[PDB]
Structures are given as structure tokens and as C-alpha cells.
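As C-alpha cells, the structure follows; a few thoughts come after it.
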Amino acid sequence: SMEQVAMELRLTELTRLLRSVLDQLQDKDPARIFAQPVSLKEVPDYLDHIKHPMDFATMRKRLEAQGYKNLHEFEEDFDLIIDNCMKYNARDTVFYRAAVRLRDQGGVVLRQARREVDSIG
């Protein structure tokens with residue numbers, strides 16, 4: 001149908017906007033601490049601590065399969081990156097500190113993205 005196409009164009013445009021959002025969030029992680037999944041070869045107990053791992057490469061695969069229906073689902077994944085880190089790692093660690101700075105800096109980007117998603121519809 002023509003509606004299904006219209007729908008698919010909106011999703012495609014949401015994916016376009018979310019791709020730009022993802023690039024902006026990932027620039028706030030210049031150390032690349034959150035770039036890839038925590039290695040289960042290197043942290044073999046990880047899944048005993050963290051039940052839903054997440055990282056920027058994993059978000060990117062979901063994004064490119066247009067697997068985010070709305071900004072809320074995208075934010076959920078970004079929040080997992082931060083929140084998982086802040087639980088697994090202690091406060092005095094470069095990892096925890098990196099998460100705090102990504103959260104703080106990402107806030108600005110996410111604030112505008114929400115306005116843009118509501119605005120463009």
C-alpha cells in the first residue's frame with residue numbers, strides 16, 4: 001500500500017536522524033570505551049553482573065536494520081551503555097568517569113533530538 005510506503009519513508013527518516021544522533025553521542029567518547037561489547041573472553045564473569053550488555057557497535061547494527069521504532073527505544077539502549085558501566089565499574093575508575101561524562105554531554109544532543117522528532121513528526 002501507499003500508506004506502508006509513507007510509513008517506511010518516516011522510519012527511514014527517523015533512522016537518518018538517529019544515525020546523526022548516534023554519531024554525535026559517539027564523538028563524546030573519544031577514548032572509545034563504549035565502542036564495542038565488553039569482551040567475554042577478557043571479562044568472563046560479565047553476564048553474571050550485567051544482564052543486558054550494550055555498546056555503540058551493537059546500537060549501530062540495530063539502527064541500520066531500522067530496528068529503532070522511536071527515539072525512546074534508542075535512548076533505552078544509550079542509557080544501558082551508561083548504566084551498565086556505572087554498576088560494573090567503581091566510582092574511582094576511568095570507565096565510570098567516562099560514563100558520567102558521556103551521560104552529561106549526551107544530554108544536550110538528546111534534548112534537541114527529542115524536539116526534532118516531535119517537530120518533524
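Quick note on naming: the chains in the C-alpha cells go A, B, ... in the order shown, residues restart at 1 in each chain, and ligands are numbered from 1 in order of appearance.
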| message | Show me, as JSON, numbers by chain, the residues that have an atom within 12 Å of stretch 45-59 of chain A when counting only C-alpha atoms, minus same-chain residues fewer than 3 positions from it. | response | {"A": [15, 18, 19, 21, 22, 23, 24, 25, 26, 27, 28, 29, 32, 33, 34, 35, 36, 37, 38, 39, 40, 41, 42, 62, 63, 64, 65, 66, 67, 68, 73, 74, 75, 76, 77, 78, 79, 80, 81, 82, 83, 84, 85, 86, 87, 88, 89, 99]}
| Where does DSSP see helix (DSSP H, G or I) in chain A, if you list the residues as a PyMOL selection string? | chain A and resi 2-27+46-49+56-64+71-88+94-120
